[PDB]
There are 2 protein chains.
Amino acid sequence: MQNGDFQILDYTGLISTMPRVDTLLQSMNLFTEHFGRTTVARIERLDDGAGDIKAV
Amino acid sequence: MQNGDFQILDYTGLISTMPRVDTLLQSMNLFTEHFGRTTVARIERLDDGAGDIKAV
C-alpha cells in the first residue's frame, strides 16, 4: 500500500477474533423437540398405584 | 384438542407415574414352592443325638 501520497508501506495481513460460544448443554442432547400448529399447548398426567390386599 | 369455544390448541403427550415394586427377595430365590391340594399341611421332625459314658 502507498503511504501519504508518494511513499509505500508493508502490509502484514489481517487479525480477527470472535467471542465464546458455549454448547456444552446443547451437546448432551438432553432436550427433545415437538412441532405443532397452535400457540397454546396442553399436557396430561396419569397417576396410578396399588392396594394392600388383606386376608378373608 | 379444543380450547375455548372459538379457539383450539395442540395436544402434546401423556405423563404417567407409579410407585416402585420391590423384587429383591424374589430374586434371591430363597423360598421353595409347593403346590398342594388341601388347606392343611403336615411337617415331620426327628431329632437325635448322643450322651456321655461314665466309668464303672
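Quick notes on this one:
- Area projected by the alpha carbon convex hull of the protein assembly as shown, averaged over all directions, nm²: 33.4
- Helical runs assigned H by DSSP (4 residues or longer) give chain A a calculated mean residue ellipticity at 222 nm of -1000 deg cm²/dmol, each run adding -39500 (n - 2.57) before division by the residue total.
- Counting all C-alpha pairs of chain B, share separated by more than 18 Å (%): 77
- By other beta-carbon atoms within 10 Å, ranking B:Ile43, A:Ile43 with the fewest at the front produces B:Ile43, A:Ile43.
- Position A:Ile8, label points 7 Å along Cα→Cβ, spacing to each other copy in nm (shortest first, one decimal): 7.3
- Taking every DSSP bridge with both residues inside the protein assembly as shown, close to 35 percent are antiparallel.
- For chain B, chymotrypsin sites (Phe, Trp or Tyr not before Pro) are listed when DSSP marks them as loop and at most 16 other Cβ atoms sit within 10 Å of their Cβ; the list is B:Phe6, B:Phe31, B:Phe35.
- Mean-position separation - Cα centroids, the stretch A:5-40 and the stretch B:33-48, in angstrom: 78
- Average other protein chain Cβ within 10 Å of Cβ, residues B:15-28: 2
Coordinate-derived values only; no laboratory data. Positions of Cβ are backbone-derived with ideal geometry, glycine not excepted, and every protein chain shown enters the neighbour counts.
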